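> Have a look at the structure that comes next, please.
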Amino acid sequence: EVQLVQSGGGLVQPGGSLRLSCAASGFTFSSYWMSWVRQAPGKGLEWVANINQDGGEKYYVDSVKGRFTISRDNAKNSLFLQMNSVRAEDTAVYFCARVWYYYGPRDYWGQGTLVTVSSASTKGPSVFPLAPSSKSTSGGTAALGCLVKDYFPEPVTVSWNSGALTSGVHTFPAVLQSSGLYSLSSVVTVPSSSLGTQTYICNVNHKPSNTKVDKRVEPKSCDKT
Amino acid sequence: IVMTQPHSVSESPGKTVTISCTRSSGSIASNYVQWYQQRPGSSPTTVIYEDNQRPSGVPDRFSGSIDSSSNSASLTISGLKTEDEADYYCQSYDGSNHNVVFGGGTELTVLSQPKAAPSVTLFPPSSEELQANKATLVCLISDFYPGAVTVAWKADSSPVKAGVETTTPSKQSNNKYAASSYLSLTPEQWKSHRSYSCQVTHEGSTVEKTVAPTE
Amino acid sequence: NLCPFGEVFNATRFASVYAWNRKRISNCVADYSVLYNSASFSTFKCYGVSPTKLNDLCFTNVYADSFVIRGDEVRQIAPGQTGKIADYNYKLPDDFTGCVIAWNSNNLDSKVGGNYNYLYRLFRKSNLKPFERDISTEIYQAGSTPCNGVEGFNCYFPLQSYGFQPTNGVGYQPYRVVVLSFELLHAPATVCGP
Ligand SMILES: *[C@@H]1O[C@H](CO)[C@@H](O)[C@H](O)[C@H]1NC(C)=O
C-alpha cells in the first residue's frame with residue numbers, strides 16, 4: 001500500500017546545489033513526521049533532519065547545520081530536501097523515511113538516489129595489460145588481466161575481448177585513488193594453453209568515451225611462455 | 001553521543017547470534033530502541049521496535065532485549081540461516097538537543113565455505129605502459145573463504161609502506177573472495193630495488209614472489 | 001470535551017519531591033496524540049501499553065503526578081532502577097501501566113541561588129510502598145537520644161535543599177517529570193481517546 005518514489009539523482013561539483021524529491025501515496029500527508037537518512041558507500045546510516053506536521057518546528061543535525069533545508073507541502077504529497085554548499089562528505093545514497101511517532105521507529109523507506117561530488121574530466125584512458133611472466137604462467141593459479149586506469153564515470157564493466165577468448169573473468173570492484181580516479185581491473189584465469197594459441201586483446205565497452213581500442217597483451221614467450 | 005556496535009560476527013547455523021549496541025553516554029532507558037535489517041543493496045526494513053513488540057510479518061526468530069546494567073541492548077537472532085546474512089543496525093532517540101543517533105554497523109556472516117590457504121600470485125608490469133612513468137603492482141591472492149585478508153609489502157630489502165592501499169574483495173559465485181593489492185609505485189625511482197616481493201599472513205602460508213621492476 | 005492537560009504540563013508552579021501533587025481527572029475525552037507527537041520531552045517510556053495503540057482503549061481514571069528532580073535522578077524513576085531517590089520520596093510499583101514523561105526546564109527554576117522549596121527526602125527511619133507519600137519534618141534520629149528540637153543531639157533535618165543555579169552541569173539541572181497512571185476499576189470506562 002504505502003509506496004515512496006525518489007527522483008533527482010545525479011552528479012555535481014562542490015558548490016552546485018541539487019534537489020531531491022519524495023512523493024507519498026496511500027495515506028494522509030498531514031499526520032506523520034518526515035525525515036531523511038543518507039548512507040555512505042559501505043558505511044552506516046546517518047540521520048539528517050526531521051520536519052513537523054506542517055513545517056514549523058524543524059531540527060537539523062549539527063554536521064550540516066545551515067546548509068541543509070527540509071520542506072514539505074501537503075497540497076502535493078511530496079517531500080523535498082533542498083540544500084546548498086555541497087562538499088566532499090555529501091557523497092552517499094540518500095533515502096526517504098516517514099516517522100510513525102516522534103519517539104518511534106521509521107516504518108517505511110525509499111529506493112535511494114546516489115548523489116556524489118566526484119571531480120575529474122571525461123576521458124577514455126588507455127588500458128594496460130598484466131603481462132603474465134613470473135607467477136602467472138605456470139606457478140599456482142595461471143591467470144592474466146588488464147587495468148582501466150582513472151576513468152571519470154562509473155559504467156565500466158571490463159569484459160575480455162568482448163567475449164572472444166574469455167576463460168573466466170574474476171572481476172573485483174574499483175576504488176577512488178586521489179579524488180576521482182578509478183583503476184578498475186579484471187583478471188581472467190587462462191589455462192596457460194592460450195598463451196601461444198591466441199594473444200589476448202583487452203577491450204572494454206565504455207559508453208561516454210571510446211574505449212574500443214583492443215590493447216595487445218604481452219605474452220612472455222621469451223621468459224617463460 | 002553515539003552508539004557502538006561490533007564490526008562483524010560469524011557463527012555456524014543452528015543457534016542464536018548476539019549483536020551489541022552499547023550506549024556511549026547517558027542512560028539507555030531514555031527512549032525506545034529499534035533495530036533495522038538491511039540486505040546488501042536493498043532498502044532497510046524494521047525488524048523489531050520497542051525491544052519487546054515485533055512488526056507484523058517479521059518471523060518469530062527475532063526478539064531483542066535491553067540490559068540496563070552497562071547501558072547496552074543486544075539482539076537475539078535465533079534460527080541462524082544463510083538467508084539472514086546481512087547488516088543489522090540499532091537506533092534510539094537520545095539527547096536534549098533533538099538529535100537521532102543511529103548505530104555503528106554489524107556485518108553478520110555465516111559459516112559458508114571451508115578454509116583454504118590463499119596462494120601467492122604477483123604480477124609484473126607491462127611494456128606499453130612503461131613509456132615515461134606508468135605501471136602497477138598487483139599482488140592478488142585467491143582461493144580463500146575468510147574475508148580477513150592481510151598482506152604485506154617488502155621490496156626484498158625494506159618493508160615498503162609508502163602509499164599502502166588494497167583493492168576491493170569481490171564476492172565470488174560460490175561464496176569466495178578475490179581480494180587484490182594496489183601499492184604505490186616509484187615513477188622516477190625505478191632503480192630503487194632490483195626486486196619487488198609481496199608477503200602475506202592471511203591464516204596460512206607466508207611465501208613471497210619476486211619480480212623485476214620493469215624487466 | 002477534551003481532557004484538561006494544560007494544568008498538568010503547562011503549569012506555573014510545580015510541587016516538591018516529598019509531596020507529589022495528584023491530578024485525578026475523569027469524565028473527559030483524553031487525546032493522547034499531543035504527548036507522543038510533541039518534540040519537547042526527554043523520556044517517553046510507556047511500560048506495556050504500546051503508546052501507538054492508546055487512541056482505541058478506554059480507561060476509568062488518569063492520575064497525573066508532578067514533581068521536580070535533577071538530571072541524574074530522572075533515570076531513577078522507573079521500574080528496575082533504584083538509588084538515592086528510590087524509597088524516600090517516590091516509589092513506583094513494578095507494573096507501571098502509565099507513561100513516565102520528563103523535560104528539562106532550566107529557565108524557570110534556575111535563578112540566582114534558586115528556589116529553596118525543592119526539598120528531597122533524605123535518609124528516613126522507614127521503608128516505602130508503591131504510591132506512598134510522606135510529608136514529615138521530623139528530625140532523623142540515627143539511634144541515639146532523640147533531640148525533639150532543632151538539631152539537638154545527632155539530629156538532622158531530612159528536607160535537604162537543592163542547589164539550583166544557572167551555572168551547574170546537565171546532571172544537576174532542575175527537571176520536571178510527569179508520570180501518568182492509568183487504571184481499570186470496576187466501573188464503566190468514562191475516559192477514552194476517540
Ligand atoms: C503548552 O503550550 C505549548 C505552546 O505551543 C503547546 O504547544 C502545548 O500543546 C501546550 N501543552 C499542552 C498540554 O497542551
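Ligands are numbered from 1 in the order shown, residues from 1 within each chain, and chains are lettered A, B, ... in the order they appear in the C-alpha cells.
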Excluding same-chain residues fewer than 5 positions from range 31-35 of chain C, what lies within 8 Å of it counting only C-alpha atoms, as a list in words?

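Counting only C-alpha atoms, the residues come to residues 2, 3, 54, 55, 192, 193 and 194 of chain C.
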
> I want to know what sits within 12 Å of residue 10 in chain C, based on only C-alpha atoms, with residues of the same chain fewer than 5 positions away left out; could you give that as a PDB file with N, CA and C atoms, in the first residue's frame?


ATOM      1  N   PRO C   4      -8.564  18.062  30.352  1.00  0.00           N
ATOM      2  CA  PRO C   4      -7.642  19.136  30.742  1.00  0.00           C
ATOM      3  C   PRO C   4      -6.238  18.629  31.031  1.00  0.00           C
ATOM      4  N   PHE C   5      -5.297  18.927  30.132  1.00  0.00           N
ATOM      5  CA  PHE C   5      -3.892  18.620  30.344  1.00  0.00           C
ATOM      6  C   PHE C   5      -3.010  19.850  30.492  1.00  0.00           C
ATOM      7  N   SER C  40       9.219  17.844  22.677  1.00  0.00           N
ATOM      8  CA  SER C  40       9.612  18.716  23.771  1.00  0.00           C
ATOM      9  C   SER C  40       9.960  17.913  25.008  1.00  0.00           C
ATOM     10  N   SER C  66       3.271  15.270  39.497  1.00  0.00           N
ATOM     11  CA  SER C  66       4.167  16.337  39.069  1.00  0.00           C
ATOM     12  C   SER C  66       5.103  16.757  40.195  1.00  0.00           C
ATOM     13  N   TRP C 103      10.945  16.563  31.150  1.00  0.00           N
ATOM     14  CA  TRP C 103      11.572  17.546  30.278  1.00  0.00           C
ATOM     15  C   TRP C 103      12.421  18.484  31.122  1.00  0.00           C
ATOM     16  N   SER C 105      13.510  21.818  32.338  1.00  0.00           N
ATOM     17  CA  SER C 105      13.062  23.200  32.489  1.00  0.00           C
ATOM     18  C   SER C 105      14.154  23.967  33.231  1.00  0.00           C
ATOM     19  N   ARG C 176      11.568  18.533  35.256  1.00  0.00           N
ATOM     20  CA  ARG C 176      10.173  18.395  35.657  1.00  0.00           C
ATOM     21  C   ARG C 176       9.589  17.131  35.042  1.00  0.00           C
ATOM     22  N   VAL C 178       6.508  14.209  34.806  1.00  0.00           N
ATOM     23  CA  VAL C 178       5.096  13.894  34.978  1.00  0.00           C
ATOM     24  C   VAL C 178       4.905  12.412  34.687  1.00  0.00           C
TER      25      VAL C 178
END

> Skipping near chain neighbours, those fewer than 5 positions away, what residues fall within 12 Å of residue 114 in chain C using only C-alpha atoms, listed as a list in words?

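Within the cut-off, the hits are residues 106, 107, 108, 109, 161, 162, 163, 164, 165, 166, 167, 168, 173 and 174 of chain C.
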
> Need to verify the contact set: range 92-109 of chain B, 6 Å, only C-alpha atoms, exclusion of same-chain residues closer than 4 positions in sequence. Can you return it as a PDB file with C-alpha atoms, in the first residue's frame?


ATOM      1  CA  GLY A  44      26.484   3.045   8.255  1.00  0.00           C
TER       2      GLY A  44
ATOM      3  CA  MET B   3      26.096   4.095  19.541  1.00  0.00           C
ATOM      4  CA  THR B   4      28.778   1.408  19.276  1.00  0.00           C
ATOM      5  CA  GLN B   5      28.466  -1.997  17.602  1.00  0.00           C
ATOM      6  CA  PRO B   6      30.878  -4.856  16.860  1.00  0.00           C
ATOM      7  CA  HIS B   7      32.415  -4.649  13.397  1.00  0.00           C
ATOM      8  CA  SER B   8      31.342  -8.161  12.370  1.00  0.00           C
ATOM      9  CA  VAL B   9      30.387 -11.585  13.720  1.00  0.00           C
ATOM     10  CA  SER B  10      30.438 -15.162  12.437  1.00  0.00           C
ATOM     11  CA  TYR B  32      12.770   3.294  22.670  1.00  0.00           C
ATOM     12  CA  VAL B  33      15.369   1.224  20.833  1.00  0.00           C
ATOM     13  CA  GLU B  85      23.479 -12.983   6.368  1.00  0.00           C
ATOM     14  CA  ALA B  86      23.243  -9.185   6.243  1.00  0.00           C
ATOM     15  CA  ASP B  87      23.801  -5.963   8.199  1.00  0.00           C
ATOM     16  CA  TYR B  88      21.977  -5.042  11.397  1.00  0.00           C
TER      17      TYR B  88
END

> Extract the full set of strand (DSSP E) residues from range 25-158 of chain B according to DSSP on the backbone, and format it as an MDAnalysis selection string.

chainID B and resid 33:38 45:48 75:77 87:93 100:102 106:110

> Can you write just those residues out, N, CA, C and O atoms, as a CSV table (one decimal), in the first residue's frame?


chain,number,residue,atom,x,y,z
B,33,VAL,N,14.3,1.7,21.7
B,33,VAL,CA,15.4,1.2,20.8
B,33,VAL,C,14.7,0.4,19.8
B,33,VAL,O,13.9,-0.5,20.1
B,34,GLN,N,15.1,0.6,18.5
B,34,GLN,CA,14.6,-0.1,17.4
B,34,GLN,C,15.7,-0.6,16.4
B,34,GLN,O,16.6,0.2,16.1
B,35,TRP,N,15.6,-1.8,16.0
B,35,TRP,CA,16.6,-2.4,15.2
B,35,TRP,C,16.2,-2.5,13.7
B,35,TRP,O,15.0,-2.5,13.5
B,36,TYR,N,17.1,-2.4,12.8
B,36,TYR,CA,16.9,-2.5,11.4
B,36,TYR,C,17.7,-3.6,10.7
B,36,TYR,O,18.9,-3.8,11.2
B,37,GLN,N,17.2,-4.2,9.7
B,37,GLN,CA,17.8,-5.2,8.9
B,37,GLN,C,17.9,-4.7,7.5
B,37,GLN,O,16.9,-4.4,6.9
B,38,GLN,N,19.1,-4.7,6.9
B,38,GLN,CA,19.4,-4.2,5.6
B,38,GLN,C,20.1,-5.2,4.8
B,38,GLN,O,21.3,-5.5,5.1
B,45,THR,N,14.8,-2.3,6.5
B,45,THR,CA,13.4,-2.6,7.0
B,45,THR,C,13.5,-2.8,8.5
B,45,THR,O,14.5,-3.2,9.0
B,46,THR,N,12.4,-2.4,9.2
B,46,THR,CA,12.4,-2.6,10.6
B,46,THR,C,12.2,-4.1,11.0
B,46,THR,O,11.3,-4.7,10.4
B,47,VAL,N,13.0,-4.6,11.8
B,47,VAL,CA,13.0,-6.0,12.3
B,47,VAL,C,12.4,-6.1,13.7
B,47,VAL,O,11.8,-7.1,14.0
B,48,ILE,N,12.5,-5.0,14.5
B,48,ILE,CA,12.0,-5.0,15.9
B,48,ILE,C,11.8,-3.6,16.3
B,48,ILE,O,12.5,-2.7,15.8
B,75,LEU,N,20.6,-8.0,20.6
B,75,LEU,CA,19.5,-8.6,19.7
B,75,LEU,C,19.7,-10.1,19.7
B,75,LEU,O,20.8,-10.6,19.6
B,76,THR,N,18.6,-10.9,19.9
B,76,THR,CA,18.6,-12.3,19.9
B,76,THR,C,18.1,-12.8,18.6
B,76,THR,O,16.9,-12.8,18.4
B,77,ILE,N,19.0,-13.3,17.8
B,77,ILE,CA,18.6,-13.8,16.5
B,77,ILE,C,18.7,-15.3,16.5
B,77,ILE,O,19.8,-15.9,16.3
B,87,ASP,N,23.4,-7.0,7.2
B,87,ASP,CA,23.8,-6.0,8.2
B,87,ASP,C,22.6,-5.7,9.1
B,87,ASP,O,21.5,-5.9,8.8
B,88,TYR,N,23.0,-5.3,10.4
B,88,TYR,CA,22.0,-5.0,11.4
B,88,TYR,C,22.4,-3.8,12.2
B,88,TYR,O,23.5,-3.8,12.7
B,89,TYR,N,21.5,-2.8,12.2
B,89,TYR,CA,21.8,-1.6,12.9
B,89,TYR,C,20.7,-1.3,14.0
B,89,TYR,O,19.6,-1.8,13.9
B,90,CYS,N,21.2,-0.6,15.1
B,90,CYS,CA,20.3,-0.2,16.1
B,90,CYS,C,20.1,1.3,16.0
B,90,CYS,O,20.9,2.0,15.4
B,91,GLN,N,19.0,1.8,16.7
B,91,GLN,CA,18.6,3.2,16.6
B,91,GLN,C,17.8,3.6,17.8
B,91,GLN,O,16.9,2.8,18.2
B,92,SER,N,18.1,4.7,18.4
B,92,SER,CA,17.4,5.2,19.6
B,92,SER,C,17.6,6.7,19.8
B,92,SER,O,18.7,7.2,19.9
B,93,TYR,N,16.4,7.4,19.8
B,93,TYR,CA,16.5,8.8,20.0
B,93,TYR,C,17.0,9.1,21.4
B,93,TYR,O,16.4,8.7,22.4
B,100,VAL,N,18.7,12.4,16.5
B,100,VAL,CA,18.5,10.9,16.4
B,100,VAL,C,19.9,10.3,16.1
B,100,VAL,O,20.6,10.8,15.3
B,101,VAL,N,20.2,9.3,16.9
B,101,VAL,CA,21.5,8.6,16.8
B,101,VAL,C,21.3,7.2,16.3
B,101,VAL,O,20.7,6.4,17.0
B,102,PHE,N,21.8,6.9,15.1
B,102,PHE,CA,21.8,5.5,14.6
B,102,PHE,C,22.9,4.7,15.2
B,102,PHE,O,23.6,5.1,16.2
B,106,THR,N,27.0,-3.7,12.0
B,106,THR,CA,27.4,-5.1,12.3
B,106,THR,C,27.2,-6.0,11.0
B,106,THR,O,26.1,-6.1,10.6
B,107,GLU,N,28.3,-6.5,10.5
B,107,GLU,CA,28.2,-7.4,9.3
B,107,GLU,C,28.2,-8.8,9.8
B,107,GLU,O,29.2,-9.4,10.1
B,108,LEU,N,27.0,-9.4,9.9
B,108,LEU,CA,26.8,-10.8,10.3
B,108,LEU,C,27.0,-11.7,9.2
B,108,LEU,O,26.4,-11.6,8.1
B,109,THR,N,27.9,-12.7,9.4
B,109,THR,CA,28.3,-13.6,8.4
B,109,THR,C,28.0,-15.0,8.9
B,109,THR,O,28.0,-15.2,10.1
B,110,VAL,N,27.7,-16.0,8.0
B,110,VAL,CA,27.5,-17.3,8.5
B,110,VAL,C,28.6,-18.2,8.0
B,110,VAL,O,29.4,-17.8,7.1

> Got a sec to pull out which chain A residues are within 6 Å of chain B, counting only C-alpha atoms, and send them as a ChimeraX atom specification?

/A:44,128,130-131,135,172-173

> Mind dumping the selected residues with N, CA, C and O atoms as a PDB file, in the first residue's frame?


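Below you can see again38.pdb, which holds the result:
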ATOM      1  N   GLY A  44      27.794   3.145   7.645  1.00  0.00           N
ATOM      2  CA  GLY A  44      26.484   3.045   8.255  1.00  0.00           C
ATOM      3  C   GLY A  44      25.575   4.214   7.932  1.00  0.00           C
ATOM      4  O   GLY A  44      25.993   5.172   7.275  1.00  0.00           O
ATOM      5  N   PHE A 128      46.128  -0.968 -19.743  1.00  0.00           N
ATOM      6  CA  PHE A 128      47.411  -1.655 -19.784  1.00  0.00           C
ATOM      7  C   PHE A 128      47.261  -3.090 -19.280  1.00  0.00           C
ATOM      8  O   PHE A 128      46.618  -3.321 -18.253  1.00  0.00           O
ATOM      9  N   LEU A 130      48.583  -7.055 -17.931  1.00  0.00           N
ATOM     10  CA  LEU A 130      49.372  -7.503 -16.794  1.00  0.00           C
ATOM     11  C   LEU A 130      50.678  -8.171 -17.198  1.00  0.00           C
ATOM     12  O   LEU A 130      51.600  -8.233 -16.377  1.00  0.00           O
ATOM     13  N   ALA A 131      50.787  -8.662 -18.438  1.00  0.00           N
ATOM     14  CA  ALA A 131      51.984  -9.328 -18.941  1.00  0.00           C
ATOM     15  C   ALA A 131      52.408 -10.455 -18.006  1.00  0.00           C
ATOM     16  O   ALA A 131      53.390 -10.313 -17.266  1.00  0.00           O
ATOM     17  N   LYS A 135      54.734 -15.369 -11.841  1.00  0.00           N
ATOM     18  CA  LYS A 135      53.955 -16.332 -11.071  1.00  0.00           C
ATOM     19  C   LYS A 135      52.541 -16.446 -11.625  1.00  0.00           C
ATOM     20  O   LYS A 135      51.575 -16.590 -10.868  1.00  0.00           O
ATOM     21  N   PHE A 172      37.023  -7.687  -9.695  1.00  0.00           N
ATOM     22  CA  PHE A 172      36.814  -7.037  -8.413  1.00  0.00           C
ATOM     23  C   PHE A 172      36.505  -5.560  -8.627  1.00  0.00           C
ATOM     24  O   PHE A 172      36.967  -4.963  -9.605  1.00  0.00           O
ATOM     25  N   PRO A 173      35.716  -4.943  -7.736  1.00  0.00           N
ATOM     26  CA  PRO A 173      35.324  -3.540  -7.938  1.00  0.00           C
ATOM     27  C   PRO A 173      36.501  -2.576  -7.971  1.00  0.00           C
ATOM     28  O   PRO A 173      37.634  -2.947  -7.651  1.00  0.00           O
TER      29      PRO A 173
END

> Which residues are close to residue 195 in chain A, i.e. within 9 Å by only C-alpha atoms, leaving aside same-chain residues fewer than 6 positions away? Reply as a ChimeraX atom specification.

/A:137,219-221,225

> Those residues with C-alpha atoms, as a PDB file, in the first residue's frame please?


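out-v8.pdb, written as the output of this step:
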ATOM      1  CA  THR A 137      52.411 -18.652 -16.448  1.00  0.00           C
ATOM      2  CA  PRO A 219      52.853 -12.968 -23.743  1.00  0.00           C
ATOM      3  CA  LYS A 220      56.312 -13.503 -22.225  1.00  0.00           C
ATOM      4  CA  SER A 221      57.297 -16.200 -24.705  1.00  0.00           C
ATOM      5  CA  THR A 225      55.687 -18.829 -22.092  1.00  0.00           C
TER       6      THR A 225
END

> How far is it from CA of residue 43 in chain C to CA of residue 180 in chain C, in Å with one decimal?

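Result for CA of residue 43 in chain C versus CA of residue 180 in chain C: 12.9 Å, one decimal.
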
> Do you have, as JSON lines, the list of residues of chain C lying at most 9 Å from chain A, each with its nearest atom pair and that distance in Å to one decimal, counting only C-alpha atoms and ordered by chain then number?


{"residue": "C:36", "atom": "CA", "partner": "A:101", "partner_atom": "CA", "distance": 6.3}
{"residue": "C:37", "atom": "CA", "partner": "A:102", "partner_atom": "CA", "distance": 5.6}
{"residue": "C:38", "atom": "CA", "partner": "A:102", "partner_atom": "CA", "distance": 7.4}
{"residue": "C:39", "atom": "CA", "partner": "A:102", "partner_atom": "CA", "distance": 6.9}
{"residue": "C:43", "atom": "CA", "partner": "A:103", "partner_atom": "CA", "distance": 8.7}
{"residue": "C:44", "atom": "CA", "partner": "A:103", "partner_atom": "CA", "distance": 7.1}
{"residue": "C:52", "atom": "CA", "partner": "A:101", "partner_atom": "CA", "distance": 7.6}

> Kindly save the residues from that selection, with N, CA, C and O atoms included, as a CSV table (one decimal), in the first residue's frame.


chain,number,residue,atom,x,y,z
C,36,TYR,N,2.9,12.0,22.5
C,36,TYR,CA,3.9,11.3,21.7
C,36,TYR,C,4.2,12.0,20.4
C,36,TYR,O,5.2,11.6,19.7
C,37,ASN,N,3.5,13.1,20.0
C,37,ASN,CA,3.8,13.8,18.8
C,37,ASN,C,4.3,15.2,19.1
C,37,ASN,O,4.1,16.1,18.3
C,38,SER,N,4.8,15.4,20.3
C,38,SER,CA,5.3,16.7,20.7
C,38,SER,C,6.8,16.6,21.0
C,38,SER,O,7.2,16.0,22.0
C,39,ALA,N,7.6,17.3,20.2
C,39,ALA,CA,9.0,17.2,20.3
C,39,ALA,C,9.5,18.2,21.4
C,39,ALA,O,10.1,19.2,21.1
C,43,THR,N,12.2,11.8,27.9
C,43,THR,CA,11.9,10.4,28.1
C,43,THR,C,10.4,10.1,27.9
C,43,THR,O,9.5,10.8,28.4
C,44,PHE,N,10.1,9.1,27.1
C,44,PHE,CA,8.7,8.7,26.8
C,44,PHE,C,8.5,7.2,26.9
C,44,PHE,O,7.9,6.6,26.0
C,52,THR,N,1.5,3.8,20.7
C,52,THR,CA,0.8,4.0,19.4
C,52,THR,C,-0.6,3.5,19.5
C,52,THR,O,-1.5,4.1,18.9

> Sorted by chain and rising residue number, which residues of chain C lie within 12 Å of chain B, and what are their closest atom pairs and distances in Å to one decimal, counting only C-alpha atoms, as JSON lines?


{"residue": "C:36", "atom": "CA", "partner": "B:31", "partner_atom": "CA", "distance": 11.3}
{"residue": "C:38", "atom": "CA", "partner": "B:98", "partner_atom": "CA", "distance": 11.6}
{"residue": "C:39", "atom": "CA", "partner": "B:98", "partner_atom": "CA", "distance": 7.8}
{"residue": "C:40", "atom": "CA", "partner": "B:98", "partner_atom": "CA", "distance": 8.6}
{"residue": "C:41", "atom": "CA", "partner": "B:96", "partner_atom": "CA", "distance": 8.1}
{"residue": "C:42", "atom": "CA", "partner": "B:96", "partner_atom": "CA", "distance": 6.3}
{"residue": "C:43", "atom": "CA", "partner": "B:30", "partner_atom": "CA", "distance": 5.0}
{"residue": "C:44", "atom": "CA", "partner": "B:31", "partner_atom": "CA", "distance": 5.8}
{"residue": "C:45", "atom": "CA", "partner": "B:31", "partner_atom": "CA", "distance": 5.8}
{"residue": "C:46", "atom": "CA", "partner": "B:32", "partner_atom": "CA", "distance": 9.2}
{"residue": "C:47", "atom": "CA", "partner": "B:50", "partner_atom": "CA", "distance": 10.0}
{"residue": "C:48", "atom": "CA", "partner": "B:52", "partner_atom": "CA", "distance": 9.0}
{"residue": "C:49", "atom": "CA", "partner": "B:53", "partner_atom": "CA", "distance": 10.8}
{"residue": "C:50", "atom": "CA", "partner": "B:53", "partner_atom": "CA", "distance": 8.5}
{"residue": "C:51", "atom": "CA", "partner": "B:50", "partner_atom": "CA", "distance": 10.3}
{"residue": "C:52", "atom": "CA", "partner": "B:50", "partner_atom": "CA", "distance": 11.0}
{"residue": "C:71", "atom": "CA", "partner": "B:26", "partner_atom": "CA", "distance": 10.2}
{"residue": "C:72", "atom": "CA", "partner": "B:27", "partner_atom": "CA", "distance": 9.4}
{"residue": "C:73", "atom": "CA", "partner": "B:27", "partner_atom": "CA", "distance": 10.8}
{"residue": "C:74", "atom": "CA", "partner": "B:30", "partner_atom": "CA", "distance": 9.1}
{"residue": "C:75", "atom": "CA", "partner": "B:27", "partner_atom": "CA", "distance": 6.9}
{"residue": "C:76", "atom": "CA", "partner": "B:27", "partner_atom": "CA", "distance": 10.0}
{"residue": "C:77", "atom": "CA", "partner": "B:29", "partner_atom": "CA", "distance": 10.8}
{"residue": "C:78", "atom": "CA", "partner": "B:29", "partner_atom": "CA", "distance": 9.0}
{"residue": "C:79", "atom": "CA", "partner": "B:29", "partner_atom": "CA", "distance": 10.7}
{"residue": "C:80", "atom": "CA", "partner": "B:68", "partner_atom": "CA", "distance": 8.2}
{"residue": "C:81", "atom": "CA", "partner": "B:68", "partner_atom": "CA", "distance": 8.2}
{"residue": "C:82", "atom": "CA", "partner": "B:68", "partner_atom": "CA", "distance": 11.5}
{"residue": "C:99", "atom": "CA", "partner": "B:31", "partner_atom": "CA", "distance": 11.4}
{"residue": "C:100", "atom": "CA", "partner": "B:30", "partner_atom": "CA", "distance": 10.0}
{"residue": "C:101", "atom": "CA", "partner": "B:30", "partner_atom": "CA", "distance": 9.9}
{"residue": "C:102", "atom": "CA", "partner": "B:30", "partner_atom": "CA", "distance": 10.0}
{"residue": "C:103", "atom": "CA", "partner": "B:96", "partner_atom": "CA", "distance": 8.6}
{"residue": "C:104", "atom": "CA", "partner": "B:96", "partner_atom": "CA", "distance": 8.0}
{"residue": "C:105", "atom": "CA", "partner": "B:96", "partner_atom": "CA", "distance": 11.1}
{"residue": "C:106", "atom": "CA", "partner": "B:96", "partner_atom": "CA", "distance": 11.8}
{"residue": "C:170", "atom": "CA", "partner": "B:96", "partner_atom": "CA", "distance": 10.1}
{"residue": "C:171", "atom": "CA", "partner": "B:26", "partner_atom": "CA", "distance": 9.8}
{"residue": "C:175", "atom": "CA", "partner": "B:96", "partner_atom": "CA", "distance": 11.8}

> Got a sec: who's within 12 Å of range 153-162 of chain B, counting only C-alpha atoms, leaving out chain neighbours fewer than 6 positions off, as a VMD selection string?

chain B and resid 122 137 to 139 181 to 186 190 to 201 206 to 213

> Out of B:84, B:67, B:203, B:51, which residue has the shortest atom-to-atom distance to residue 115 in chain B when counting only C-alpha atoms?

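Closest to residue 115 in chain B of all the choices is B:203.
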
> Out of range 34-175 of chain A, which residues get helix (DSSP H, G or I) from DSSP, as an NGL selection string?

:A and (62-64 or 88-90)

> Between CA of residue 86 in chain C and CA of residue 128 in chain C, what is the distance, to one decimal in Å?

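One can read the CA of residue 86 in chain C to CA of residue 128 in chain C distance as 8.3 Å.
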
> Mind giving me the straight-line distance from CA of residue 147 in chain C to CA of residue 91 in chain C in Å, one decimal?

29.0 Å
